[PDB]
Each structure stands twice: as C-alpha cells, then as structure tokens.
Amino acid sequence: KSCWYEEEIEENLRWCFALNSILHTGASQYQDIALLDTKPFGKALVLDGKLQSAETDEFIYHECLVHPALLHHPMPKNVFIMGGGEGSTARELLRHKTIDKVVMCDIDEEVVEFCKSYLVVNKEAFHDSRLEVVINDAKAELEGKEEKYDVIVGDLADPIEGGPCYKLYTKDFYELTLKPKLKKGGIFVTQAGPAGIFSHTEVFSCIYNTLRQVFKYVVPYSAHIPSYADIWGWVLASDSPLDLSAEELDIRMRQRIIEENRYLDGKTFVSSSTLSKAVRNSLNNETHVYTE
C-alpha cells in the first residue's frame, strides 16, 4: 500500500512498484547503487535510479543477450564482457559447456563487489574458476591487450554522449578496436536499448546502422521485459553468417547449455529477430552512425 519505488520511463510516463524493503545500498563515483525488495518484481538492482535487473524477469534479458550469440558460434570458448558487474551475463555464459574462459570487464568495482555479495543467484558464477574479473574501462582493456575472443558481449548502458559508455558504440570502436579482437567466426552482441514501436528510434536503430557499417552480417532482435515496461533490443554482428534454424538452435541448446532455458528456445529467437513492419522500416532507412 504505502511504500513505492517510482521511475520516470519517459518524461510523461511513470512506472511504480510497491516495496517490501530497501535492502542494501552502495555508491561509487560512477553511479548510485541499490537493491530494492519489490512486491511485483522481487529483488531489483537499480543504478542511478534506473532499474537494471529484477528477480522475476532478469532471465529474459540475460538469456536473450547471451544465448543467440553463443549458439550461432560453432564452438565458443573465450568470451569478453564489456560491463557485466551485475553477474547474470556471466552466469548465463557459464552455463555453456564449450566455454573455457569468461572475462568480465566492468568499470565500477563497487557494482561487482555489491552484486557478488547480494545477488546470490550469481554466486556460483562469481566463484567459477573459468571467470576472470577485470576492473577497467572495457575500451582501454580491449585496446591495451592483444588477446582475441570468440564472442564479445556489450552489457553496457545506452550510448549517451559524455557518459562512460558512448565510446563503446562508435563505428571507430567497432572497426579499429573490437573487430581486431574477434577470432575467425567471432560474434559480437550488444544490448541495444528500448525497441518498442515508438522507442526503437532512440538508440536501437542507430546501434543497428552503426554495426552495419562494420560487420557483414547484422541481426537485430527484441523481446518484452515486463519490469522495463518496454520491448528491449539486442544486436548480433559477425563477418561469418548468422542464419540458423529454430531446430538447430534447439539441438545446440540441448547439447551445450546446462539446465533448461526459461525464456529462450529457437522458435522464440526466430520470432524475436522478425521485427514488426515499422521497426524494420526504421532500421532499414536509418542513416545515423555513432562517431568519436
């Protein structure tokens, strides 16, 4: 009844969850950090007052971010995460039997240490001997090391000039920093912001067009995340083709992933990658490219 967490999604639109408690908090120079216990969505990780991960449905975002990319790869062994302090991207990646090493590269040690203690769903992930945590800006980390990867995962905030993430979505970053760090058959996947019928023009279409300047094959896809009050997007990108059937995705899931996915089967992916009329038109007509 009485305690509420409130979020301004758009200037004109508010989304409010009744609270059981405010469990813990932290803060860093990068962002405020909080963990709420919400009645409709259970525990919820909030960074800078924006909801990031809710207990009841974070599996949707993290399965969709991680699995398509790994499943389109013939044999993905080494993966780098840009972001991922929250730990659930690493969790889903470590469900893959083919994985030897995951590097999580988060800029904010405070998110890592907070989530490692308090998002206990990710506890085995954080303690898995295949995981290396690096506290750095993912752009400097990628630039200063020569190691190559089978999959690189963008789990960053949306591109906002002056914020710490924008540079990790430019054409130059993708071409001159990222692509050289992908092995043959390498696949890049990034979160790509809201992807609703109106909200898709904010960053999703630009992220798509940006990737399209750099990688030969670029597959945008999207899914509803109840707690975000919108459809969310992701984009796969590769110089090897990205075209597998629902059933081949399902066979690889069965063979390579420990436990059953809760959201994603191969049919769900094919649906996800078939965008609606207006969304396809936007992405196809998009001329804007992120630069700097």
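If you superpose the two forms and keep the largest set of C-alpha atoms that fall within 1.5 Å, you have the rigid core. Start at 1 and count along the sequence shown; that's the residue number.
S.K.: So which moves more in 5 other deposited structures of this protein by CA, 26-34 or 257-265, given a superposition on the core?
M.R.: Higher root mean square deviation of C-alphas in 5 other deposited structures of this protein is shown by 26-34.
S.K.: Is the mean CA B factor in the deposited entry higher across 253-261 or across 231-239?
M.R.: For C-alpha atoms only, the mean B-factor is higher in 253-261.
S.K.: Read off the CA B-factors in the entry, average them over 112-120 and over 160-168, and name the higher stretch.
M.R.: Mean C-alpha B-factor is greater for 160-168.
S.K.: Identify, among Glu92, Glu146, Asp155, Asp106, the residue whose C-alpha carries the highest B-factor in the deposited PDB entry.
M.R.: The record points to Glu146.
S.K.: Check where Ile81 lands among this chain's C-alpha B-factors and tell me if it's the lowest, middle or highest third.
M.R.: Answer is lowest: the recorded C-alpha B-factor places it there.
S.K.: Is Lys139 in the lowest, middle or highest third of its chain when residues are ranked by C-alpha B-factor?
M.R.: CA B-factor rank for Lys139: middle third.
S.K.: Mind checking which third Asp37 falls in for C-alpha B-factor across the chain?
M.R.: Middle third - that is where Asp37 ends up once the chain's C-alpha B-factors are sorted.
S.K.: Determine, from the deposited record, the chain-internal third of the Cα B-factor for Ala192: lowest, middle or highest.
M.R.: Its C-alpha B-factor belongs to the lowest third of this chain's values.
S.K.: By its CA B factor, does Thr210 count among the lowest, middle or highest third of the modelled residues in the chain?
M.R.: As the PDB entry reports it, the C-alpha B-factor of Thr210 lands in the middle third of its chain.
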